[PDB]
>>> print(open('target_37.txt').read())   # compact mmCIF, N, CA and C atoms and all ligand atoms
# COMPACT_ATOMS: atom_id res chain seq x y z
N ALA A 1 3.30 15.94 -15.10
CA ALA A 1 3.89 15.44 -13.83
C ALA A 1 4.22 13.99 -14.04
N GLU A 2 4.80 13.36 -13.04
CA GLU A 2 5.02 11.94 -13.19
C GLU A 2 3.84 11.41 -12.43
N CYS A 3 3.20 10.40 -12.98
CA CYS A 3 2.02 9.84 -12.35
C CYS A 3 2.26 8.42 -11.90
N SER A 4 3.48 8.16 -11.44
CA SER A 4 3.84 6.84 -10.96
C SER A 4 5.01 6.91 -10.00
N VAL A 5 5.22 5.83 -9.26
CA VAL A 5 6.30 5.75 -8.30
C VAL A 5 6.66 4.29 -8.06
N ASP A 6 7.96 4.03 -7.95
CA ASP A 6 8.45 2.68 -7.69
C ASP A 6 8.74 2.59 -6.20
N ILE A 7 8.11 1.62 -5.54
CA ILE A 7 8.29 1.43 -4.11
C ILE A 7 8.84 0.04 -3.83
N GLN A 8 9.76 -0.03 -2.87
CA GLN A 8 10.37 -1.29 -2.47
C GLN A 8 10.03 -1.64 -1.03
N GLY A 9 9.72 -2.91 -0.80
CA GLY A 9 9.41 -3.39 0.53
C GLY A 9 10.44 -4.48 0.79
N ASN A 10 11.36 -4.25 1.73
CA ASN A 10 12.41 -5.23 1.99
C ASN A 10 12.26 -6.13 3.22
N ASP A 11 13.22 -7.03 3.38
CA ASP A 11 13.26 -7.98 4.50
C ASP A 11 13.53 -7.33 5.85
N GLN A 12 13.73 -6.01 5.84
CA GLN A 12 13.98 -5.26 7.07
C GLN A 12 12.67 -4.62 7.53
N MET A 13 11.58 -4.99 6.86
CA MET A 13 10.25 -4.48 7.14
C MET A 13 10.23 -2.96 7.00
N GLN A 14 10.66 -2.50 5.83
CA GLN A 14 10.72 -1.08 5.53
C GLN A 14 10.40 -0.77 4.08
N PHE A 15 9.63 0.29 3.87
CA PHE A 15 9.30 0.78 2.54
C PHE A 15 10.41 1.81 2.29
N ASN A 16 10.96 1.86 1.08
CA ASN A 16 12.02 2.83 0.80
C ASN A 16 11.50 4.25 0.63
N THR A 17 10.27 4.47 1.08
CA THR A 17 9.62 5.77 1.02
C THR A 17 8.64 5.87 2.19
N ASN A 18 8.63 7.02 2.84
CA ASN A 18 7.73 7.26 3.97
C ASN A 18 6.67 8.29 3.60
N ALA A 19 6.81 8.88 2.41
CA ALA A 19 5.88 9.91 1.96
C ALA A 19 5.76 9.97 0.44
N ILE A 20 4.53 9.95 -0.04
CA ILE A 20 4.26 10.01 -1.47
C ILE A 20 3.41 11.23 -1.79
N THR A 21 3.78 11.93 -2.85
CA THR A 21 3.06 13.11 -3.30
C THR A 21 2.51 12.83 -4.69
N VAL A 22 1.19 12.96 -4.82
CA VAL A 22 0.53 12.73 -6.10
C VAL A 22 0.18 14.09 -6.70
N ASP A 23 0.64 14.32 -7.92
CA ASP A 23 0.37 15.58 -8.60
C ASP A 23 -1.07 15.65 -9.10
N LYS A 24 -1.68 16.83 -8.95
CA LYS A 24 -3.06 17.04 -9.37
C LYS A 24 -3.32 16.89 -10.86
N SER A 25 -2.29 17.06 -11.69
CA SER A 25 -2.47 16.92 -13.13
C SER A 25 -2.77 15.47 -13.51
N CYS A 26 -2.42 14.55 -12.62
CA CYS A 26 -2.64 13.12 -12.85
C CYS A 26 -4.10 12.71 -12.67
N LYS A 27 -4.62 11.97 -13.65
CA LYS A 27 -5.98 11.47 -13.59
C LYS A 27 -5.91 10.07 -12.98
N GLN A 28 -4.78 9.42 -13.22
CA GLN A 28 -4.50 8.09 -12.70
C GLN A 28 -3.11 8.12 -12.09
N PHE A 29 -2.88 7.26 -11.11
CA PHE A 29 -1.59 7.17 -10.45
C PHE A 29 -1.22 5.69 -10.36
N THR A 30 0.05 5.38 -10.58
CA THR A 30 0.52 4.00 -10.55
C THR A 30 1.62 3.76 -9.54
N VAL A 31 1.50 2.66 -8.81
CA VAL A 31 2.50 2.27 -7.82
C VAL A 31 3.09 0.94 -8.27
N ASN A 32 4.39 0.92 -8.50
CA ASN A 32 5.09 -0.29 -8.93
C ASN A 32 5.84 -0.83 -7.71
N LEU A 33 5.29 -1.88 -7.10
CA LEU A 33 5.88 -2.48 -5.91
C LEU A 33 6.79 -3.68 -6.18
N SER A 34 7.97 -3.66 -5.56
CA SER A 34 8.92 -4.76 -5.67
C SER A 34 9.31 -5.15 -4.25
N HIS A 35 10.05 -6.24 -4.10
CA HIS A 35 10.42 -6.71 -2.78
C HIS A 35 11.84 -7.25 -2.69
N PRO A 36 12.82 -6.37 -2.42
CA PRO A 36 14.19 -6.91 -2.33
C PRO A 36 14.29 -7.84 -1.12
N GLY A 37 15.26 -8.75 -1.15
CA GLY A 37 15.44 -9.70 -0.07
C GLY A 37 15.36 -11.13 -0.57
N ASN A 38 15.10 -12.07 0.34
CA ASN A 38 14.99 -13.48 -0.03
C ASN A 38 13.88 -14.23 0.71
N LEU A 39 13.27 -13.56 1.68
CA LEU A 39 12.19 -14.13 2.49
C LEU A 39 10.88 -14.30 1.72
N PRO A 40 10.19 -15.43 1.94
CA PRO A 40 8.91 -15.81 1.32
C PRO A 40 7.72 -14.97 1.79
N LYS A 41 6.68 -14.98 0.97
CA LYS A 41 5.44 -14.25 1.21
C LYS A 41 4.67 -14.67 2.46
N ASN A 42 4.80 -15.93 2.88
CA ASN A 42 4.06 -16.39 4.06
C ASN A 42 4.59 -15.88 5.40
N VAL A 43 5.81 -15.34 5.39
CA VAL A 43 6.42 -14.80 6.61
C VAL A 43 6.94 -13.38 6.43
N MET A 44 7.08 -12.94 5.18
CA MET A 44 7.59 -11.60 4.90
C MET A 44 6.88 -10.94 3.72
N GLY A 45 5.62 -11.31 3.52
CA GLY A 45 4.86 -10.75 2.43
C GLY A 45 4.59 -9.28 2.63
N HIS A 46 4.54 -8.55 1.52
CA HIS A 46 4.28 -7.12 1.55
C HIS A 46 3.28 -6.74 0.47
N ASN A 47 2.38 -5.83 0.82
CA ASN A 47 1.42 -5.31 -0.14
C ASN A 47 1.39 -3.80 0.10
N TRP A 48 0.92 -3.06 -0.88
CA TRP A 48 0.83 -1.61 -0.77
C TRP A 48 -0.66 -1.32 -0.75
N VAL A 49 -1.16 -0.84 0.39
CA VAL A 49 -2.58 -0.55 0.56
C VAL A 49 -2.81 0.92 0.88
N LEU A 50 -3.80 1.52 0.23
CA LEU A 50 -4.13 2.92 0.43
C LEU A 50 -5.53 3.14 1.01
N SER A 51 -5.62 4.04 1.99
CA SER A 51 -6.88 4.40 2.63
C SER A 51 -6.71 5.75 3.30
N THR A 52 -7.80 6.28 3.84
CA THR A 52 -7.73 7.54 4.56
C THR A 52 -7.05 7.22 5.88
N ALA A 53 -6.54 8.24 6.55
CA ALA A 53 -5.88 8.06 7.84
C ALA A 53 -6.88 7.48 8.84
N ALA A 54 -8.12 7.94 8.73
CA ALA A 54 -9.20 7.50 9.60
C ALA A 54 -9.50 6.00 9.46
N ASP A 55 -9.34 5.48 8.25
CA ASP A 55 -9.63 4.07 7.97
C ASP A 55 -8.47 3.08 8.11
N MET A 56 -7.24 3.57 8.18
CA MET A 56 -6.08 2.68 8.26
C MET A 56 -6.12 1.55 9.29
N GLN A 57 -6.31 1.89 10.56
CA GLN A 57 -6.34 0.88 11.61
C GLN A 57 -7.35 -0.23 11.35
N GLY A 58 -8.56 0.15 10.94
CA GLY A 58 -9.60 -0.83 10.66
C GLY A 58 -9.24 -1.76 9.51
N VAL A 59 -8.66 -1.19 8.45
CA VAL A 59 -8.27 -1.97 7.28
C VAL A 59 -7.18 -2.96 7.70
N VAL A 60 -6.25 -2.49 8.53
CA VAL A 60 -5.16 -3.33 9.03
C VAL A 60 -5.69 -4.44 9.93
N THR A 61 -6.58 -4.10 10.86
CA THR A 61 -7.14 -5.08 11.78
C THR A 61 -7.94 -6.15 11.04
N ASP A 62 -8.86 -5.71 10.19
CA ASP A 62 -9.69 -6.63 9.42
C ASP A 62 -8.90 -7.44 8.40
N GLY A 63 -7.82 -6.86 7.91
CA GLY A 63 -6.97 -7.55 6.95
C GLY A 63 -6.19 -8.66 7.63
N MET A 64 -5.67 -8.37 8.82
CA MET A 64 -4.91 -9.34 9.60
C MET A 64 -5.74 -10.61 9.79
N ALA A 65 -7.03 -10.42 10.05
CA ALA A 65 -7.97 -11.51 10.27
C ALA A 65 -8.43 -12.24 9.01
N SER A 66 -8.09 -11.70 7.84
CA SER A 66 -8.50 -12.30 6.57
C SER A 66 -7.67 -13.49 6.11
N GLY A 67 -6.43 -13.57 6.59
CA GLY A 67 -5.56 -14.68 6.21
C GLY A 67 -4.74 -14.49 4.96
N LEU A 68 -3.70 -15.31 4.84
CA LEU A 68 -2.78 -15.29 3.71
C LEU A 68 -3.51 -15.54 2.39
N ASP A 69 -4.51 -16.42 2.44
CA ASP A 69 -5.30 -16.79 1.28
C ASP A 69 -5.93 -15.58 0.59
N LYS A 70 -6.29 -14.57 1.39
CA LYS A 70 -6.92 -13.36 0.87
C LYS A 70 -5.98 -12.15 0.82
N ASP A 71 -4.68 -12.41 0.83
CA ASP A 71 -3.66 -11.36 0.81
C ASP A 71 -3.78 -10.39 1.98
N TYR A 72 -4.32 -10.90 3.08
CA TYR A 72 -4.52 -10.12 4.30
C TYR A 72 -5.30 -8.84 4.08
N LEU A 73 -6.33 -8.93 3.25
CA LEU A 73 -7.22 -7.82 2.96
C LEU A 73 -8.63 -8.36 3.10
N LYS A 74 -9.46 -7.65 3.85
CA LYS A 74 -10.85 -8.07 4.04
C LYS A 74 -11.57 -7.95 2.70
N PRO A 75 -12.11 -9.08 2.20
CA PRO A 75 -12.83 -9.09 0.93
C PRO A 75 -13.84 -7.94 0.80
N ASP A 76 -13.75 -7.22 -0.31
CA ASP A 76 -14.62 -6.09 -0.64
C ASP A 76 -14.60 -4.93 0.37
N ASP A 77 -13.47 -4.73 1.04
CA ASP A 77 -13.34 -3.65 2.01
C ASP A 77 -13.44 -2.32 1.25
N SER A 78 -14.55 -1.61 1.44
CA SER A 78 -14.80 -0.34 0.77
C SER A 78 -13.83 0.78 1.17
N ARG A 79 -13.19 0.62 2.32
CA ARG A 79 -12.23 1.60 2.82
C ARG A 79 -10.93 1.58 2.03
N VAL A 80 -10.67 0.47 1.33
CA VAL A 80 -9.46 0.37 0.53
C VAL A 80 -9.65 1.17 -0.76
N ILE A 81 -8.85 2.22 -0.90
CA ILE A 81 -8.90 3.08 -2.07
C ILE A 81 -8.20 2.39 -3.25
N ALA A 82 -7.04 1.79 -2.97
CA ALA A 82 -6.27 1.09 -3.99
C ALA A 82 -5.34 0.11 -3.29
N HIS A 83 -4.96 -0.96 -3.99
CA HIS A 83 -4.08 -1.97 -3.41
C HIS A 83 -3.38 -2.85 -4.44
N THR A 84 -2.18 -3.32 -4.09
CA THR A 84 -1.43 -4.23 -4.95
C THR A 84 -1.72 -5.57 -4.29
N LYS A 85 -1.25 -6.67 -4.87
CA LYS A 85 -1.45 -7.97 -4.24
C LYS A 85 -0.32 -8.12 -3.22
N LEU A 86 -0.38 -9.16 -2.39
CA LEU A 86 0.66 -9.42 -1.40
C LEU A 86 1.79 -10.16 -2.11
N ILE A 87 2.99 -9.60 -2.07
CA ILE A 87 4.13 -10.22 -2.74
C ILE A 87 5.26 -10.64 -1.80
N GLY A 88 6.05 -11.60 -2.27
CA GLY A 88 7.19 -12.08 -1.51
C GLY A 88 8.43 -11.55 -2.19
N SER A 89 9.60 -11.90 -1.68
CA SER A 89 10.85 -11.44 -2.29
C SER A 89 10.95 -11.85 -3.75
N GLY A 90 11.51 -10.96 -4.56
CA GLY A 90 11.69 -11.23 -5.97
C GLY A 90 10.48 -11.01 -6.85
N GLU A 91 9.31 -10.81 -6.24
CA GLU A 91 8.08 -10.60 -6.99
C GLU A 91 7.78 -9.13 -7.29
N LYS A 92 6.84 -8.90 -8.20
CA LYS A 92 6.47 -7.54 -8.58
C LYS A 92 4.97 -7.44 -8.84
N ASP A 93 4.40 -6.29 -8.49
CA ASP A 93 2.99 -6.04 -8.75
C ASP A 93 2.77 -4.55 -8.81
N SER A 94 1.93 -4.13 -9.75
CA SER A 94 1.63 -2.72 -9.92
C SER A 94 0.13 -2.51 -9.81
N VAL A 95 -0.24 -1.31 -9.38
CA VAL A 95 -1.64 -0.95 -9.25
C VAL A 95 -1.81 0.48 -9.73
N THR A 96 -2.88 0.70 -10.48
CA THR A 96 -3.18 2.02 -11.00
C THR A 96 -4.55 2.40 -10.46
N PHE A 97 -4.69 3.64 -10.01
CA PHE A 97 -5.97 4.08 -9.47
C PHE A 97 -6.35 5.49 -9.90
N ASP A 98 -7.65 5.78 -9.77
CA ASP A 98 -8.22 7.07 -10.12
C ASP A 98 -7.91 8.09 -9.03
N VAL A 99 -7.22 9.16 -9.42
CA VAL A 99 -6.85 10.22 -8.48
C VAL A 99 -8.04 11.02 -7.96
N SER A 100 -9.18 10.93 -8.65
CA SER A 100 -10.38 11.65 -8.22
C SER A 100 -10.94 11.08 -6.91
N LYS A 101 -10.34 10.00 -6.43
CA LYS A 101 -10.74 9.38 -5.17
C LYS A 101 -9.98 10.08 -4.05
N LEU A 102 -9.14 11.04 -4.44
CA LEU A 102 -8.34 11.81 -3.50
C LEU A 102 -8.71 13.28 -3.59
N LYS A 103 -8.47 14.01 -2.51
CA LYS A 103 -8.73 15.44 -2.46
C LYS A 103 -7.65 16.08 -1.61
N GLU A 104 -7.48 17.39 -1.75
CA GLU A 104 -6.51 18.11 -0.95
C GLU A 104 -7.15 18.31 0.41
N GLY A 105 -6.33 18.43 1.45
CA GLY A 105 -6.86 18.65 2.78
C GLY A 105 -7.28 17.39 3.53
N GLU A 106 -6.84 16.24 3.04
CA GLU A 106 -7.14 14.98 3.71
C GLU A 106 -5.88 14.14 3.72
N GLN A 107 -5.63 13.50 4.86
CA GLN A 107 -4.45 12.67 5.01
C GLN A 107 -4.74 11.23 4.63
N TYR A 108 -3.93 10.70 3.72
CA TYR A 108 -4.06 9.32 3.28
C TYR A 108 -2.83 8.59 3.77
N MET A 109 -2.97 7.29 4.01
CA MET A 109 -1.87 6.48 4.49
C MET A 109 -1.71 5.26 3.59
N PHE A 110 -0.47 4.90 3.32
CA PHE A 110 -0.20 3.69 2.55
C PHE A 110 0.51 2.79 3.54
N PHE A 111 0.24 1.49 3.46
CA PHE A 111 0.81 0.55 4.40
C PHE A 111 0.71 -0.88 3.90
N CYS A 112 1.32 -1.78 4.65
CA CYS A 112 1.29 -3.21 4.36
C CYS A 112 0.36 -3.79 5.42
N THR A 113 -0.48 -4.75 5.01
CA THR A 113 -1.42 -5.37 5.94
C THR A 113 -1.00 -6.74 6.46
N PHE A 114 0.19 -7.20 6.09
CA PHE A 114 0.69 -8.48 6.57
C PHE A 114 0.80 -8.32 8.09
N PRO A 115 0.39 -9.35 8.86
CA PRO A 115 0.44 -9.33 10.32
C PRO A 115 1.59 -8.58 10.98
N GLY A 116 1.23 -7.46 11.61
CA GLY A 116 2.17 -6.62 12.33
C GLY A 116 3.00 -5.62 11.56
N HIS A 117 3.17 -5.84 10.25
CA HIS A 117 3.99 -4.96 9.42
C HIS A 117 3.71 -3.46 9.43
N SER A 118 2.44 -3.08 9.49
CA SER A 118 2.06 -1.66 9.47
C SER A 118 2.72 -0.80 10.56
N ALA A 119 3.22 -1.45 11.61
CA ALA A 119 3.88 -0.76 12.71
C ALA A 119 5.10 0.01 12.20
N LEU A 120 5.71 -0.50 11.13
CA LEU A 120 6.88 0.14 10.55
C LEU A 120 6.63 0.43 9.07
N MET A 121 5.90 -0.47 8.42
CA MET A 121 5.60 -0.33 7.00
C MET A 121 4.35 0.48 6.73
N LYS A 122 4.53 1.80 6.74
CA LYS A 122 3.45 2.74 6.50
C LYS A 122 4.08 4.07 6.12
N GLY A 123 3.25 4.95 5.57
CA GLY A 123 3.71 6.26 5.17
C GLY A 123 2.52 7.09 4.75
N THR A 124 2.78 8.34 4.36
CA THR A 124 1.71 9.24 3.95
C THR A 124 1.64 9.44 2.44
N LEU A 125 0.44 9.77 1.97
CA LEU A 125 0.22 10.05 0.56
C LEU A 125 -0.63 11.31 0.54
N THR A 126 -0.22 12.28 -0.27
CA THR A 126 -0.93 13.54 -0.35
C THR A 126 -1.10 14.00 -1.80
N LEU A 127 -2.26 14.56 -2.10
CA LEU A 127 -2.56 15.09 -3.42
C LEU A 127 -2.14 16.56 -3.41
N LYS A 128 -1.23 16.95 -4.30
CA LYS A 128 -0.77 18.34 -4.34
C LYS A 128 -0.51 18.93 -5.73
CU CU B 1 4.70 -6.43 4.80
>>> encode(input="target_37.txt", output="structure tokens", more="lines below")
Ligand SMILES: [Cu+2]
Amino acid sequence: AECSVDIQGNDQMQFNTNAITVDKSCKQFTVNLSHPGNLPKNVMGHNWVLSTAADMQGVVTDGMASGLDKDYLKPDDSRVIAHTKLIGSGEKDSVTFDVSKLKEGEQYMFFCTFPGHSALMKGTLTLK
């Protein structure tokens, strides 16, 4: 299977994907995040964060309160399954994670934790 995916987060506050499917043959999965546009990280930063559907709101709330200095992610948040760093336009960051942290029959959500972004910048991830 392919065990990676290229995702874009643009100045329109949109991920070019609303749904990700991870193949079971994969032991590891990689997300290559880029950011088309021209806006800076302090006002249009984007990160790719993964958690269970149950944990999303909390990760987003606690991340918002963490500040730009911490990439808007609560330090050592156990609910975060995997995450890229917070990037601005023109930047790139990739993250690889263990697929064994996922199971079938559970809804996972990927989103950006920059203040307010998750309202539009979010999507589903499923192991299949
Ligand atoms: Cu964002």
>>> closest_atom_pairs(input="target_37.txt", of="chain A", to="ligand CU 1 (chain B)", cutoff="5 Å", atoms="all atoms listed in the file", output="Markdown table")
| residue | atom | partner | partner_atom | distance |
| --- | --- | --- | --- | --- |
| A:45 | C | B:CU1 | CU | 3.6 |
| A:46 | CA | B:CU1 | CU | 3.3 |
| A:47 | N | B:CU1 | CU | 4.6 |
| A:112 | CA | B:CU1 | CU | 4.7 |
| A:114 | N | B:CU1 | CU | 4.8 |
| A:117 | CA | B:CU1 | CU | 4.9 |
>>> residues_near_point(input="target_37.txt", point="(0.5, 0.1, -8.4)", cutoff="8 Å", atoms="only N, CA and C atoms", output="list in words")
residues 4, 5, 29, 30, 31, 32, 33, 48, 82, 83, 84, 85, 93, 94, 95, 96 and 97 of chain A
>>> select_by_dssp(input="target_37.txt", residues="region 1-117 of chain A", states="strand (DSSP E)", output="tab-separated table (two decimals) with N, CA and C atoms, keeping the file's coordinate frame")
chain	number	residue	atom	x	y	z
A	4	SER	N	3.48	8.16	-11.44
A	4	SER	CA	3.84	6.84	-10.96
A	4	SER	C	5.01	6.91	-10.00
A	5	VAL	N	5.22	5.83	-9.26
A	5	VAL	CA	6.30	5.75	-8.30
A	5	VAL	C	6.66	4.29	-8.06
A	6	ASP	N	7.96	4.03	-7.95
A	6	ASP	CA	8.45	2.68	-7.69
A	6	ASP	C	8.74	2.59	-6.20
A	7	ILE	N	8.11	1.62	-5.54
A	7	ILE	CA	8.29	1.43	-4.11
A	7	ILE	C	8.84	0.04	-3.83
A	8	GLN	N	9.76	-0.03	-2.87
A	8	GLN	CA	10.37	-1.29	-2.47
A	8	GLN	C	10.03	-1.64	-1.03
A	19	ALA	N	6.81	8.88	2.41
A	19	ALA	CA	5.88	9.91	1.96
A	19	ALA	C	5.76	9.97	0.44
A	20	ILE	N	4.53	9.95	-0.04
A	20	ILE	CA	4.26	10.01	-1.47
A	20	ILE	C	3.41	11.23	-1.79
A	21	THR	N	3.78	11.93	-2.85
A	21	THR	CA	3.06	13.11	-3.30
A	21	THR	C	2.51	12.83	-4.69
A	22	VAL	N	1.19	12.96	-4.82
A	22	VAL	CA	0.53	12.73	-6.10
A	22	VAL	C	0.18	14.09	-6.70
A	28	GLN	N	-4.78	9.42	-13.22
A	28	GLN	CA	-4.50	8.09	-12.70
A	28	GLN	C	-3.11	8.12	-12.09
A	29	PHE	N	-2.88	7.26	-11.11
A	29	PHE	CA	-1.59	7.17	-10.45
A	29	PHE	C	-1.22	5.69	-10.36
A	30	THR	N	0.05	5.38	-10.58
A	30	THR	CA	0.52	4.00	-10.55
A	30	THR	C	1.62	3.76	-9.54
A	31	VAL	N	1.50	2.66	-8.81
A	31	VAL	CA	2.50	2.27	-7.82
A	31	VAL	C	3.09	0.94	-8.27
A	32	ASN	N	4.39	0.92	-8.50
A	32	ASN	CA	5.09	-0.29	-8.93
A	32	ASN	C	5.84	-0.83	-7.71
A	33	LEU	N	5.29	-1.88	-7.10
A	33	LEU	CA	5.88	-2.48	-5.91
A	33	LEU	C	6.79	-3.68	-6.18
A	34	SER	N	7.97	-3.66	-5.56
A	34	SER	CA	8.92	-4.76	-5.67
A	34	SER	C	9.31	-5.15	-4.25
A	49	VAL	N	-1.16	-0.84	0.39
A	49	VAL	CA	-2.58	-0.55	0.56
A	49	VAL	C	-2.81	0.92	0.88
A	50	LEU	N	-3.80	1.52	0.23
A	50	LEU	CA	-4.13	2.92	0.43
A	50	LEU	C	-5.53	3.14	1.01
A	51	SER	N	-5.62	4.04	1.99
A	51	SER	CA	-6.88	4.40	2.63
A	51	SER	C	-6.71	5.75	3.30
A	52	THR	N	-7.80	6.28	3.84
A	52	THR	CA	-7.73	7.54	4.56
A	52	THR	C	-7.05	7.22	5.88
A	82	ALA	N	-7.04	1.79	-2.97
A	82	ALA	CA	-6.27	1.09	-3.99
A	82	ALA	C	-5.34	0.11	-3.29
A	83	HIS	N	-4.96	-0.96	-3.99
A	83	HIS	CA	-4.08	-1.97	-3.41
A	83	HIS	C	-3.38	-2.85	-4.44
A	92	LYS	N	6.84	-8.90	-8.20
A	92	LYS	CA	6.47	-7.54	-8.58
A	92	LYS	C	4.97	-7.44	-8.84
A	93	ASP	N	4.40	-6.29	-8.49
A	93	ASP	CA	2.99	-6.04	-8.75
A	93	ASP	C	2.77	-4.55	-8.81
A	94	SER	N	1.93	-4.13	-9.75
A	94	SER	CA	1.63	-2.72	-9.92
A	94	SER	C	0.13	-2.51	-9.81
A	95	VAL	N	-0.24	-1.31	-9.38
A	95	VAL	CA	-1.64	-0.95	-9.25
A	95	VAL	C	-1.81	0.48	-9.73
A	96	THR	N	-2.88	0.70	-10.48
A	96	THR	CA	-3.18	2.02	-11.00
A	96	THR	C	-4.55	2.40	-10.46
A	97	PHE	N	-4.69	3.64	-10.01
A	97	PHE	CA	-5.97	4.08	-9.47
A	97	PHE	C	-6.35	5.49	-9.90
A	98	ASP	N	-7.65	5.78	-9.77
A	98	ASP	CA	-8.22	7.07	-10.12
A	98	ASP	C	-7.91	8.09	-9.03
A	108	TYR	N	-3.93	10.70	3.72
A	108	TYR	CA	-4.06	9.32	3.28
A	108	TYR	C	-2.83	8.59	3.77
A	109	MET	N	-2.97	7.29	4.01
A	109	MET	CA	-1.87	6.48	4.49
A	109	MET	C	-1.71	5.26	3.59
A	110	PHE	N	-0.47	4.90	3.32
A	110	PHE	CA	-0.20	3.69	2.55
A	110	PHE	C	0.51	2.79	3.54
A	111	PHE	N	0.24	1.49	3.46
A	111	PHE	CA	0.81	0.55	4.40
A	111	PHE	C	0.71	-0.88	3.90
>>> atom_distance(input="target_37.txt", atom1="atom N of residue 81 (chain A)", atom2="atom N of residue 98 (chain A)")
9.6 Å
>>> atom_distance(input="target_37.txt", atom1="CA of residue 53 (chain A)", atom2="CA of residue 13 (chain A)")
20.4 Å
>>> atom_distance(input="target_37.txt", atom1="CA of residue 121 (chain A)", atom2="CA of residue 38 (chain A)")
17.6 Å
>>> residues_around(input="target_37.txt", residues="residue 18 (chain A)", least_positions_apart="4", cutoff="8 Å", atoms="only N, CA and C atoms", output="PDB file with N, CA and C atoms, keeping the file's coordinate frame")
ATOM      1  N   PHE A 110      -0.470   4.900   3.320  1.00  0.00           N
ATOM      2  CA  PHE A 110      -0.200   3.690   2.550  1.00  0.00           C
ATOM      3  C   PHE A 110       0.510   2.790   3.540  1.00  0.00           C
ATOM      4  N   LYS A 122       4.530   1.800   6.740  1.00  0.00           N
ATOM      5  CA  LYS A 122       3.450   2.740   6.500  1.00  0.00           C
ATOM      6  C   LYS A 122       4.080   4.070   6.120  1.00  0.00           C
ATOM      7  N   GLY A 123       3.250   4.950   5.570  1.00  0.00           N
ATOM      8  CA  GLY A 123       3.710   6.260   5.170  1.00  0.00           C
ATOM      9  C   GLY A 123       2.520   7.090   4.750  1.00  0.00           C
ATOM     10  N   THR A 124       2.780   8.340   4.360  1.00  0.00           N
ATOM     11  CA  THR A 124       1.710   9.240   3.950  1.00  0.00           C
ATOM     12  C   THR A 124       1.640   9.440   2.440  1.00  0.00           C
ATOM     13  N   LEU A 125       0.440   9.770   1.970  1.00  0.00           N
ATOM     14  CA  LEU A 125       0.220  10.050   0.560  1.00  0.00           C
ATOM     15  C   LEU A 125      -0.630  11.310   0.540  1.00  0.00           C
TER      16      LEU A 125
END
>>> closest_residue(input="target_37.txt", among="A:43, A:80, A:3, A:50", to="residue 26 (chain A)", atoms="only C-alpha atoms")
A:3
>>> closest_residue(input="target_37.txt", among="A:63, A:105, A:58, A:36", to="residue 91 (chain A)", atoms="all atoms listed in the file")
A:36
>>> closest_residue(input="target_37.txt", among="A:89, A:78, A:25, A:12", to="residue 41 (chain A)", atoms="only C-alpha atoms")
A:89
>>> closest_residue(input="target_37.txt", among="A:79, A:72, A:1, A:87", to="residue 115 (chain A)", atoms="all atoms listed in the file")
A:72
>>> build_atoms(input="target_37.txt", residues="region 17-26 of chain A", atoms="N, CA, C and O atoms", output="PDB file, keeping the file's coordinate frame")
ATOM      1  N   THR A  17      10.270   4.470   1.080  1.00  0.00           N
ATOM      2  CA  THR A  17       9.620   5.770   1.020  1.00  0.00           C
ATOM      3  C   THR A  17       8.640   5.870   2.190  1.00  0.00           C
ATOM      4  O   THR A  17       7.928   4.916   2.487  1.00  0.00           O
ATOM      5  N   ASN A  18       8.630   7.020   2.840  1.00  0.00           N
ATOM      6  CA  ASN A  18       7.730   7.260   3.970  1.00  0.00           C
ATOM      7  C   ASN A  18       6.670   8.290   3.600  1.00  0.00           C
ATOM      8  O   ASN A  18       5.747   8.552   4.370  1.00  0.00           O
ATOM      9  N   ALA A  19       6.810   8.880   2.410  1.00  0.00           N
ATOM     10  CA  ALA A  19       5.880   9.910   1.960  1.00  0.00           C
ATOM     11  C   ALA A  19       5.760   9.970   0.440  1.00  0.00           C
ATOM     12  O   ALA A  19       6.765  10.046  -0.267  1.00  0.00           O
ATOM     13  N   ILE A  20       4.530   9.950  -0.040  1.00  0.00           N
ATOM     14  CA  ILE A  20       4.260  10.010  -1.470  1.00  0.00           C
ATOM     15  C   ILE A  20       3.410  11.230  -1.790  1.00  0.00           C
ATOM     16  O   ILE A  20       2.467  11.554  -1.063  1.00  0.00           O
ATOM     17  N   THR A  21       3.780  11.930  -2.850  1.00  0.00           N
ATOM     18  CA  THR A  21       3.060  13.110  -3.300  1.00  0.00           C
ATOM     19  C   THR A  21       2.510  12.830  -4.690  1.00  0.00           C
ATOM     20  O   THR A  21       3.246  12.429  -5.589  1.00  0.00           O
ATOM     21  N   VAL A  22       1.190  12.960  -4.820  1.00  0.00           N
ATOM     22  CA  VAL A  22       0.530  12.730  -6.100  1.00  0.00           C
ATOM     23  C   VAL A  22       0.180  14.090  -6.700  1.00  0.00           C
ATOM     24  O   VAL A  22      -0.483  14.901  -6.062  1.00  0.00           O
ATOM     25  N   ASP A  23       0.640  14.320  -7.920  1.00  0.00           N
ATOM     26  CA  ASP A  23       0.370  15.580  -8.600  1.00  0.00           C
ATOM     27  C   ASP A  23      -1.070  15.650  -9.100  1.00  0.00           C
ATOM     28  O   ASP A  23      -1.600  14.678  -9.630  1.00  0.00           O
ATOM     29  N   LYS A  24      -1.680  16.830  -8.950  1.00  0.00           N
ATOM     30  CA  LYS A  24      -3.060  17.040  -9.370  1.00  0.00           C
ATOM     31  C   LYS A  24      -3.320  16.890 -10.860  1.00  0.00           C
ATOM     32  O   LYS A  24      -4.457  16.662 -11.262  1.00  0.00           O
ATOM     33  N   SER A  25      -2.290  17.060 -11.690  1.00  0.00           N
ATOM     34  CA  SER A  25      -2.470  16.920 -13.130  1.00  0.00           C
ATOM     35  C   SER A  25      -2.770  15.470 -13.510  1.00  0.00           C
ATOM     36  O   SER A  25      -3.330  15.208 -14.570  1.00  0.00           O
ATOM     37  N   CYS A  26      -2.420  14.550 -12.620  1.00  0.00           N
ATOM     38  CA  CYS A  26      -2.640  13.120 -12.850  1.00  0.00           C
ATOM     39  C   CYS A  26      -4.100  12.710 -12.670  1.00  0.00           C
ATOM     40  O   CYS A  26      -4.743  13.073 -11.688  1.00  0.00           O
TER      41      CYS A  26
END
